[PDB]
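Residue numbers (the authors' numbering), protein chains in the order written: chain q, 2 to 92; chain SB, 21 to 234; chain SO, 15 to 151; chain Sa, 2 to 103; chain Sc, 5 to 68; chain A, 53 to 253; chain d, 7 to 109. By construction, the Cβ of each residue, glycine as well, lies at the ideal position given by its N, Cα and C atoms. Notes for the one structure printed next.
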Amino acid sequence: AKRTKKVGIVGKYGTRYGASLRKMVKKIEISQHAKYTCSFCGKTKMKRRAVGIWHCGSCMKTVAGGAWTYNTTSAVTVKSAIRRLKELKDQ
Amino acid sequence: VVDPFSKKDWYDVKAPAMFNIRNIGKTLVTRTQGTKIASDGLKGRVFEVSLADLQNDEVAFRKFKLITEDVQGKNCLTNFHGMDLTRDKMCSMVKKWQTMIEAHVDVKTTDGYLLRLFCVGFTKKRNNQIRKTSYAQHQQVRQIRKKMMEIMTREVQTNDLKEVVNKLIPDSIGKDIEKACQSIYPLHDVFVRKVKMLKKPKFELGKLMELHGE
Amino acid sequence: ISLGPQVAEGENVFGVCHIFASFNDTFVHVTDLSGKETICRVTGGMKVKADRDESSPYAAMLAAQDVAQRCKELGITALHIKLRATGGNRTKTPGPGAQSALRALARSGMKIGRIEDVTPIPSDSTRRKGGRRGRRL
Amino acid sequence: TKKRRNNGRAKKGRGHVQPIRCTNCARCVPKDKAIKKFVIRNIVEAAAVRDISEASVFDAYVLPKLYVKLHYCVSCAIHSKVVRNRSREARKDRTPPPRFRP
Amino acid sequence: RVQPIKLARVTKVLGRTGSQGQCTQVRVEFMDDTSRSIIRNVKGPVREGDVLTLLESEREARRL
Amino acid sequence: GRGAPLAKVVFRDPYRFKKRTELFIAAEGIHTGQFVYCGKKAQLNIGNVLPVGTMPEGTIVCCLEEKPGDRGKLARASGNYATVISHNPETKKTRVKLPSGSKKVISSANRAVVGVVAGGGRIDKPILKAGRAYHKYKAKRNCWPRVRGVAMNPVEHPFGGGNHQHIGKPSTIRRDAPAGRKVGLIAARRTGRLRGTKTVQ
Amino acid sequence: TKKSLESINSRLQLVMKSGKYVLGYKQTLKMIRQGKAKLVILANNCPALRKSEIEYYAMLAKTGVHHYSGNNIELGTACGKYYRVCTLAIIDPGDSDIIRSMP
RNA sequence: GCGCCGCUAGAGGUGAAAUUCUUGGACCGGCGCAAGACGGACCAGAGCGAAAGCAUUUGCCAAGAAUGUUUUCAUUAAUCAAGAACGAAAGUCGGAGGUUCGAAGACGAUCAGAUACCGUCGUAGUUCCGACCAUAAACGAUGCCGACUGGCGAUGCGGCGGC
Ligand SMILES: [Mg+2]
Ligand SMILES: [Zn+2]
Ligand SMILES: [Zn+2]
Numbered sequence: 002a003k004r005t006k007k008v009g010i011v012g013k014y015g016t017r018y019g020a021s022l023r024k025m026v027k028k029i030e031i032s033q034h035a036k037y038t039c040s041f042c043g044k045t046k047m048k049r050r051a052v053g054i055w056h057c058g059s060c061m062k063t064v065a066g067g068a069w070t071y072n073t074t075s076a077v078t079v080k081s082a083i084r085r086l087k088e089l090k091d092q
Numbered sequence: 021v022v023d024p025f026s027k028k029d030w031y032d033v034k035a036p037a038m039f040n041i042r043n044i045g046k047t048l049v050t051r052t053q054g055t056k057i058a059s060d061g062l063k064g065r066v067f068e069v070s071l072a073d074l075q076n077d078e079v080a081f082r083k084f085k086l087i088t089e090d091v092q093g094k095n096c097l098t099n100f101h102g103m104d105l106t107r108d109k110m111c112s113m114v115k116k117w118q119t120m121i122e123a124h125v126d127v128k129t130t131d132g133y134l135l136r137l138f139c140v141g142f143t144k145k146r147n148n149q150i151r152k153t154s155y156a157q158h159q160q161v162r163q164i165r166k167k168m169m170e171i172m173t174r175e176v177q178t179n180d181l182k183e184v185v186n187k188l189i190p191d192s193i194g195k196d197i198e199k200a201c202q203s204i205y206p207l208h209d210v211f212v213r214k215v216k217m218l219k220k221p222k223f224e225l226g227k228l229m230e231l232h233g234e
Numbered sequence: 015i016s017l018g019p020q021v022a023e024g025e026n027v028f029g030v031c032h033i034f035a036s037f038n039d040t041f042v043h044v045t046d047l048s049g050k051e052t053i054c055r056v057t058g059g060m061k062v063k064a065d066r067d068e069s070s071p072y073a074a075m076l077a078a079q080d081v082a083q084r085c086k087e088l089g090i091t092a093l094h095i096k097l098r099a100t101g102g103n104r105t106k107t108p109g110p111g112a113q114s115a116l117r118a119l120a121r122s123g124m125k126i127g128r129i130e131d132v133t134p135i136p137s138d139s140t141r142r143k144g145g146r147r148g149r150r151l
Numbered sequence: 002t003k004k005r006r007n008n009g010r011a012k013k014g015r016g017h018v019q020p021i022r023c024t025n026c027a028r029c030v031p032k033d034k035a036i037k038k039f040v041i042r043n044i045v046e047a048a049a050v051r052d053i054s055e056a057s058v059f060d061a062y063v064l065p066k067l068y069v070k071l072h073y074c075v076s077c078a079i080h081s082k083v084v085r086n087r088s089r090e091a092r093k094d095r096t097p098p099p100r101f102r103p
Numbered sequence: 005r006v007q008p009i010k011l012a013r014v015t016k017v018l019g020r021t022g023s024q025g026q027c028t029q030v031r032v033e034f035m036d037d038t039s040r041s042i043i044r045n046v047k048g049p050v051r052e053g054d055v056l057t058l059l060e061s062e063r064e065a066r067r068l
Numbered sequence: 053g054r055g056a057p058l059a060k061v062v063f064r065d066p067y068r069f070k071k072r073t074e075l076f077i078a079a080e081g082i083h084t085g086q087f088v089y090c091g092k093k094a095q096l097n098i099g100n101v102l103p104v105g106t107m108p109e110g111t112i113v114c115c116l117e118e119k120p121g122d123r124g125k126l127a128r129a130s131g132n133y134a135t136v137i138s139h140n141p142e143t144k145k146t147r148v149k150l151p152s153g154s155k156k157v158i159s160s161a162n163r164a165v166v167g168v169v170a171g172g173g174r175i176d177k178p179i180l181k182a183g184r185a186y187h188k189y190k191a192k193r194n195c196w197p198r199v200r201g202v203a204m205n206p207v208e209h210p211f212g213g214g215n216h217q218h219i220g221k222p223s224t225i226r227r228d229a230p231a232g233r234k235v236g237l238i239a240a241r242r243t244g245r246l247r248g249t250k251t252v253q
Numbered sequence: 007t008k009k010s011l012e013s014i015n016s017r018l019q020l021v022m023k024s025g026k027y028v029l030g031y032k033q034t035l036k037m038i039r040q041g042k043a044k045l046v047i048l049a050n051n052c053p054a055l056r057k058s059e060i061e062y063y064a065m066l067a068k069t070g071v072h073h074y075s076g077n078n079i080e081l082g083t084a085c086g087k088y089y090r091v092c093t094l095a096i097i098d099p100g101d102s103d104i105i106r107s108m109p
């Protein structure tokens, strides 16, 4: 059914911690708990291990990505910025 | 107290032997003070020199760049670095009610001299034309532009730097993109606007002293 | 002799001359043909003592008188000219010290080569310092 | 009272033209409101031409042009006097003034 | 600095100036040739056909 | 006690028949079963480690040897990167830019792995309760319950004591203050609520 | 990424209707050894020793390989139904022109 | 902005003037580089979009107006309470990034007084990403749909025919 209107994942804290510190966790905490799509075997089994580490359910290939997510917004830029220096000047 | 201009000397800079006039001018440089030796204290001087002081007949509104690469004592030699048009031409041929088309391309030679070519062109109000808005459609713009970069890729990808740099003193590339576009839309003031150098291949002195021969 | 380049009299030597005619000052910076080696940078704000008159047409006049007396003394005889404006984000009209700088340099003993307006031009670059309603004098 | 039929701005079928910035006072106006002016004045200030040909090393040297487009706000168009206060039945005309080169 | 004083005959007068009617412009010639002429401005009565003595010879033409 | 993970990159030993194992700061994007190359001519991809003299300017560099041959010291934390600007191939002294922002002129033989460090963005979740801050600093040190020095006796802190909770003496002390007096703002150039970001070299 | 991949994928939905085609790894291995395969297609994301032996048996049987620009959940929908698929082979194009195309 | 050389003592800014940057060498000139904004001149009483709005080239798509049609179904239609969608800027929340301009703020000028105009430095903001807010002189100050009622010269898109 519909069980809430404005908490979602942070209903487990309840009446505690405030309302702009449970608004802050609910974007990080659905992000760290979701199952991301594997860029190596197509499936969605990227279950987050300890912080930094990410790991497939199947094909068993462990990627060290973001901390609360999989792809850091800066590290998406960097991998597409390293290869910019790799073809310009050829080094 | 001390004059710091008598501690200088005066070399002279020479154009490549692919032209007519060789005496560019006399640049000046301080002499050797211990660690600072003045040989490579000028290797890399770019000279804002036009064509009518580097040809005899050719137009005045086009200029070359000519970095300095090595020093033979007083005579100091250069190599082609780039070109561009003078600014008084480039915004006199920009008028209202005619669409400028432009194309740019990174095409390397067969010499390890990756070039970047810039070209412009302006549509042509005809003789008996009565209307004033002589514009081109959008699909005519794209396919002239594909035709423009097709031609300068035939002129630069095929053979090395020297026949390329020899190609644009009479500007055969701009005349050829003139002729092969006017079946789509006629053009009239169609130039290679700017050439930019992107790479440098390991710096021999053999290729320097062949370009400074006859 | 040691100073000066060595040429004949029927020939001459070229060194370009940055006439930077912005507003509220004037530069008559001379250099060689490389663009690099500065010969003389005297300034219309240095040869008048007013600060109303840093860009005055009289100021660039006698600045140009001094720089030719320095140019012709060092040995360089003929100039190219590379006049500018304020450039780019700000205004693009060259100030009062343009033609008061060049005719004074012309009348006071100098040969003149290719002259050129080589001021900067952007492609809708940056955002200009006035605010949206502009400076309201 | 609607003063002008087009409302100063010569747009018809749009919602937003690109706002450009005035040339002396740097005020933000739309592109088709702005009082345009294009100046092809000679750089040499043509009183000063037969004072440089004695100094010129060349004999037939084409003196370069100078290409500035001034684009104004309407407030610094009147005060710097490129436009002018007019009359009722002589507002509805889109013609430029006469040239008269000398 | 050291430029000799140049004497000058006027051609056609361009009228009063300075906003009080105290000054005039003569468009003098330099008493050397028929050509090298500058349009200057004096104060006082002109009477076309005189010789007046410019203490320098390179200033300006009036334009605002 | 660390947020950034570690890779363990086994290498073949070119001096005896063996395989030996390292532990690197994991630059972000790597995964198991990836060939990480290392040397002077290692091609400039992510995860590779190669001296800063050969890489071009403006690239993004983590976990560098501050002094050559050190084996990795600068910018090792989770989600950090130093940036090399302005090579100078004579005197072999280039410079980089640390994550603190104080750019540093270093040696040009500093072997230094390419990329940003995995585990980054960790300080953007609130700890949010005292238990996850207990567990954060139970595995690092014994430093987590920090008692305010105003809230203890004069025999135990230079600020404590008095019939209120006040400080009395100004909280900015000089740098050669004796050991046991350097409490509070140690040698502060300025104090108070910072307008701006840094605005000084 | 703008106009003209209306060659490679729109041909592939035509062979979804008309011609005969086998999917996956161990079916497209059983048609490539006994000759009946005509053009194998590898996804981008099949593992590399799987990529380098379907390439190898195609070198033995002297057939063609078209590597695909896309994920196996991007090739899988480009075929036109919902399962992910790495490697497919066509054994007859009905009335498309895959073999007469660019490879 | 930052390197690296060159020269010299002011540069800056104003109706003037100063706060400011300056021989631990600035402004200027030259070669380089990096970052992040931005798409001039071509640009018009031109086009597209329901509106907001929309401009560097090349690259998956998905769509649309109109024209052309001896195509097909044959009233399937117009406006539309309740109800939803998209909605400039500014704003608020979270993360990247921070060049430039720059609310607030500081300081200098101007003034009887300047918490204003002018000057310098400058925070939030601009800039991207994901979530919200639903307002504007959101103006053709004209709801949409249908017909009929003058002319002329054009500009834009098709289609047909012509020296
Ligand atoms: Mg506490
Ligand atoms: Zn997986
Ligand atoms: Zn204005």
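Close Cβ partners of residue 81 of chain SO (< 6 Å) along its chain, the five nearest in sequence each way excluded | Taken in chain order, the residues that qualify are 42, 44, 54 and 56.
Below-7 Å beta-carbon distance, residue 65 of chain Sc vs any chain Sa residue | Yes, its Cβ sits closer than 7 Å to a Cβ of chain Sa.
In terms of residues, what are the limits of the alpha helix (DSSP H) holding residue 120 of chain q?
-> Here chain q has residues from 2 to 92 only, and residue 120 of chain q is not among them.
Residue 66 of chain q versus chain A: which residues are under 8 Å apart at the beta carbon?
-> Neighbourhood of residue 66 of chain q in chain A, by CB distance below 8 Å: 80, 81 and 170, in chain order.
Does ligand 2 have a heavy atom nearer than 6 Å to the CB of residue 41 of chain q?
-> At least one heavy atom of ligand 2 falls within 6 Å of the beta-carbon of residue 41 of chain q.
What's the call for residue 6 of chain q, buried or exposed, on a 16-neighbour Cβ count within 10 Å?
-> Around the beta carbon of residue 6 of chain q, fewer than 16 other beta carbons lie within 10 angstroms, which makes this residue exposed.
Label residue 46 of chain SO either buried or exposed according to how many other C-beta atoms from any shown protein chain fall within 10 Å of its C-beta, with 16 as the threshold for buried.
-> Buried, because 16 or more other Cβ atoms sit within 10 Å of the Cβ of residue 46 of chain SO.
Kindly list, in the order they appear in chain Sa, the residues whose Cβ is closer than 8 Å to that of residue 108 of chain SB.
-> Near residue 108 of chain SB (Cβ distances below 8 Å), the residues of chain Sa are 65, 66, 67 and 68.
Please report how far the alpha carbon of residue 184 of chain SB lies from the alpha carbon of residue 28 of chain q, in whole angstroms.
-> One alpha carbon belongs to residue 184 of chain SB, the other to residue 28 of chain q, and they sit about 58 Å apart.
Starting from residue 66 of chain SB, find everything on chain SO with Cβ-Cβ shorter than 8 Å and list it in chain order.
-> Under the 8 Å cutoff, chain SO gives 48 and 49.
Residue 119 of chain SB: contacting residues in chain SO (beta-carbon distance under 7 Å) = The premise fails here: residue 119 of chain SB is roughly 18 Å from chain SO at the closest Cβ pair, so nothing lies under 7 Å.
Taking only the alpha-carbon atoms, compute the straight-line gap between residue 37 of chain Sc and residue 15 of chain Sc and give it to the nearest angstrom.
-> Taking the straight line from one Cα to the other gives about 13 Å.
Cβ-Cβ distance between residue 58 of chain Sa and residue 125 of chain SO below 7 Å | Taking 7 Å as the Cβ cut-off, residue 58 of chain Sa and residue 125 of chain SO qualify as a contacting pair.
Beta carbon of residue 115 of chain A: closer than 6 Å to some heavy atom of ligand 2?
-> Taking non-hydrogen atoms of ligand 2 into account, the C-beta of residue 115 of chain A is found less than 6 Å away from none of them.
Which residues bound the alpha helix (DSSP H) around residue 186 of chain A?
-> In the DSSP assignment, residue 186 of chain A falls within the alpha helix (DSSP H) that extends over 182-190.
8 Å Cβ cut-off: residues of chain SB touching residue 19 of chain SO | When 8 Å is used as the limit between beta carbons, residue 19 of chain SO is near these residues of chain SB: 30, 46 and 48, in chain order.
Ends of the alpha helix (DSSP H) at residue 79 of chain q?
-> Per DSSP, residue 79 of chain q belongs to the alpha helix (DSSP H) from 74-88.
Which listed residue (SB:181, SB:155 and SB:200) has its alpha carbon closest to that of residue 130 of chain SB = Selected option, being the one with the closest Cα: SB:181.
Segment contact flag, the region 150-168 of chain SB with the region 200-220 of chain SB, C-beta cutoff 8 Å, min 3 pairs = Pairwise C-beta distances place the region 150-168 of chain SB in contact with the region 200-220 of chain SB, as three or more of them are shorter than 8 Å.
Please work out which residues of its chain come closer than 7 Å, Cβ to Cβ, to residue 127 of chain SO, disregarding the five sequence neighbours upstream and downstream, and give them in chain order.
-> So the list reads 28, 92, 93 and 94, once near-sequence residues are dropped.
Can you say whether residue 103 of chain SB is buried or exposed, counting buried as having 16 or more other CB atoms within 10 angstroms of its CB?
-> Residue 103 of chain SB is buried by the Cβ-count criterion.
If you drop the 5 nearest sequence neighbours on each side, which residues of the same chain put their C-beta closer than 6 Å to that of residue 67 of chain q?
-> Taken in chain order, the residues that qualify are 73.
Examine chain A for any beta-carbon lying closer than 7 Å to the beta-carbon of residue 53 of chain q, and answer yes or no.
-> At a cut-off of 7 Å between beta carbons, residue 53 of chain q contacts chain A.
Residue 245 of chain A in three-state terms, based on DSSP = Of the three classes helix, strand and coil, the one that applies to residue 245 of chain A here is coil, per DSSP.
Select from Sa:28, Sa:47, Sa:94 and Sa:86 the residue whose C-alpha is nearest the C-alpha of residue 74 of chain Sa.
-> Looking at the Cα atoms, Sa:28 is the closest of the given residues.
Using the beta-carbon count (16 or more within 10 Å), is residue 100 of chain A buried or exposed?
-> Around the beta-carbon of residue 100 of chain A, 16 or more other beta-carbon atoms lie within 10 Å, marking it buried.
Name the chain SB residues whose beta carbon is nearer than 7 Å to that of residue 151 of chain SO?
-> Near residue 151 of chain SO there are no residues of chain SB at all, since even the closest Cβ is about 30 Å away, more than 7 Å.
Distance, residue 9 of chain Sa Cα to residue 3 of chain Sa Cα = Approximately 11 Å between the Cα atoms of the pair.
For residue 102 of chain d, does the count of other Cβ atoms within 10 angstroms reach 16, so buried, or fall short, so exposed?
-> By the Cβ neighbour-count rule, residue 102 of chain d is buried, with 16 or more other Cβ atoms within 10 Å of its own.
Simplified DSSP state of residue 46 of chain q, which is helix, strand or coil = Three-state DSSP puts residue 46 of chain q in a strand.
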